[PDB]
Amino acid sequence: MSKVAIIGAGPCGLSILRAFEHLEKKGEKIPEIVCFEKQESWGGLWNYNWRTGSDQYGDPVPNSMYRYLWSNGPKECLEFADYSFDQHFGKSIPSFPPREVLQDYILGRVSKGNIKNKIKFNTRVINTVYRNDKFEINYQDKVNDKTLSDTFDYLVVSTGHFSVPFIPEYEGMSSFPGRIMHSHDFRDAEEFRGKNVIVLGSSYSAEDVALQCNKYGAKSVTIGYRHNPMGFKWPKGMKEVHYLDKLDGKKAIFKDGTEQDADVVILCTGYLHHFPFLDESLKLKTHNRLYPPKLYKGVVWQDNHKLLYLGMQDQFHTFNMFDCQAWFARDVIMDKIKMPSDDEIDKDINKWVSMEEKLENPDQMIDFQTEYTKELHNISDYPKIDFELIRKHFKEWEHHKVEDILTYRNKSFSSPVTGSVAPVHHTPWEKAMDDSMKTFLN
């Protein structure tokens, strides 16, 4: 009988819409659900958008993906337990597909029934307060430039945390005669063909943006790290150096003495958990980490058990972890799962946070998020999927990356849902310029 708001129709919002759909299909009555989405269409980060900065309505652009982007982990690690790759595609396909292929898969799962009709597009949630046992939500109908309001019993926040960039300043940027941008702004690597590119950062964005520039003909790529290098086997014309000190004209100078001609600086410096549309008392405040506190089972706002956050953890797992979170959230909303006492909640959060703080390397992190996801899996009815196989896959993938960062996407993994073995793509990633769905689907 309740009313539920969902903010965002990317993978997470769709996961929970899908979780509710399972119940509705079985004949169970479900709450009225309204999902708000500021983009024109569903899909979240998996939508390519040429736009950067803010849109025609003055709304910041949430899209961060670029042209000719390929998935960066094995698809077998992100398969939906309730909607297999074999089911969607009708055949085995390689393990590292281009963006549009995974976009098609994500949207395919939810596009058969009534889910899309529940979403309000070009609609931006702007204000949320909890009063008289209800979430009072203001939202902007962007197309009409009008503020609307509604009230809800439960609120699910699924707005991601890789859209609002963190952008640090370095000395000399005020006079640098070239482009300075964040990875959030990166759209087509052809922009930088023939250019000397500087990339700052040491995680997924720095890695892939650097490789993307090199693949699309950058004259040179120089990666600066603050703490430790990624240490991958970079191809000729790429190097990793310690700590940008300053830009001095067309020259980047690093603390280790390196001086490099620079045409463009791409800050691959991460993102903010940013929730301007939530009251302070409701607002998760955290850096990117595997287990932020104040979230029971990584989902329920400790302070308000009718506020549920999805996908706010840093990510090895993605799609099927979001699913496990969403099935859990659904069952909480439906009162199938009961909240334990405040003391038990606090104890459980501390247990996981304590483990998280002690993680020292990717193997331990993969193990950590495996156990986190498996525990969620066991408390609801999300279907069978082999998280132990996924655990092994992630570790194998990490090894591939150290062995050869240029060829890890040329590897085959097996489905943890169907056992199907992925073929090796007809074209090595380094030479794969045709990222079309047709070619991928041979």
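Residue positions are given as counts along the sequence shown, with the first one as 1.
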Can you tell me which stretch has the higher mean Cα B-factor, 233 to 241 or 318 to 326? 233 to 241
Taking the recorded C-alpha temperature factors, which stretch has the higher mean, 128 to 136 or 165 to 173? 128 to 136
Could you tell me which one of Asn361, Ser183, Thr123, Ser203 shows the highest CA temperature factor in the PDB record? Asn361
Candidate set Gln369, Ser220, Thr151, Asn288 [ranked by C-alpha B-factor, highest]: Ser220
Among the chain's modelled residues, which third holds the C-alpha B-factor of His274? lowest
Where does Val424 sit by CA temperature factor within its chain: lowest, middle or highest third? highest
Determine, from the deposited record, the chain-internal third of the Cα B-factor for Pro292: lowest, middle or highest. middle
If you rank the chain by CA B-factor, which third does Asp386 end up in: lowest, middle or highest? middle
Among the modelled residues of its chain, does the C-alpha B-factor of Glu37 lie in the lowest, middle or highest third? lowest
